[PDB]
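Shown next as structure tokens: one chain only, the form deposited in one PDB entry.
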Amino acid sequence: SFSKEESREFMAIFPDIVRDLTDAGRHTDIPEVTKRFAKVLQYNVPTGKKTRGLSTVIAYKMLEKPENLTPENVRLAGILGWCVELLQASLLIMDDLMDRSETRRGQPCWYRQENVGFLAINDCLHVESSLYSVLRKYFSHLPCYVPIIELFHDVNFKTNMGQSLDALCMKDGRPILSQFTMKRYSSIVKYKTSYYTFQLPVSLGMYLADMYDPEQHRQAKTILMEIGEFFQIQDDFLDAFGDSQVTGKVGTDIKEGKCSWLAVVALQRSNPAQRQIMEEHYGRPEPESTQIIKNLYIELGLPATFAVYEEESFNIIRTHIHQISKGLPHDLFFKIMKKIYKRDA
């Protein structure tokens, strides 16, 4: 699980996905566009950690009867994982535009690159639409096809709802601090991250294994929602405190006024002088105001607060995994937690 050989097998599929989308004898009257789209895919799709794609394949191998794990079915799981990566890739291109970000995966964000700009918006829709072309090619004759397309449709819709709720942090260029509660936070991360990052890979593995029991999906969802919140809290910590040479990305939550876990906990922990600092300097374009907030986060001990939370939450999520039933493999959820716990990117 998350091994050297699994990574190889997974990356080996990527050149076939590019060929399927750009060199399959289709659209031969517009080679300018298909050759460019091959570059959009090369740049934007395969340079992340690939945890979602690799989790799709691990979930399938842990759910399917061993007797059924052929080179072809394990390749189908890897193709589904790449369709999750195409969805991720599409969401990041949009997200970086919305967040006015500088870098992604160690490079300038796509929209910033020479002669891209507002062509990144279309490129995000194009990458999203491409995953359904991949699904059609490989899954259209299998019983899992309709369930899988419906799941991608539903997760997309839910992710959009979360992205909106996330964006509604600011009104008239000031953040709505009095509404930055843990209740709000948990709602945002459920929709903007947990469905597509955790629920979607495991549900896809289930469907490819012909597991359709609604209660089995519900029990997986309950735990994966808890994992997703934990994973987004880690992301938020990285925005302010991560090493951008390691994470690949420069943080923007403070400048953008976001209802991040750090903002919520800062408001919980602040004395009245510190609350006035949030009121005056949170969600401002000026570099000096963002550093004032970072310095408040340092003085509050948010790094240590996060570290204590992460350890406590890891243990609570594992306790919950142990309570799972409906015939689900505990080690699948244990492996997912081991991969992300104490991550620095």
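Rigid core: the largest C-alpha set superposing within 1.5 Å between the two forms. Numbering starts at 1 and runs along the sequence shown.
Keep in mind the form deposited in another entry is missing from the figure; the text below concerns it.
Relative to the superposed rigid core, the position of the CA of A38 differs between the shown form and the other one by less than 2 Å.
Here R174 counts as shifted, since its C-alpha moves by at least 2 Å between the shown form and the other one after the core is aligned. Remark: with the core as the superposition reference, the CA shift of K255 between the shown form and the other one reaches 2 Å or more.
Relative to what is shown, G173 and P108 are closer in the other form; their C-alpha atoms differ in spacing by at least 3 Å.
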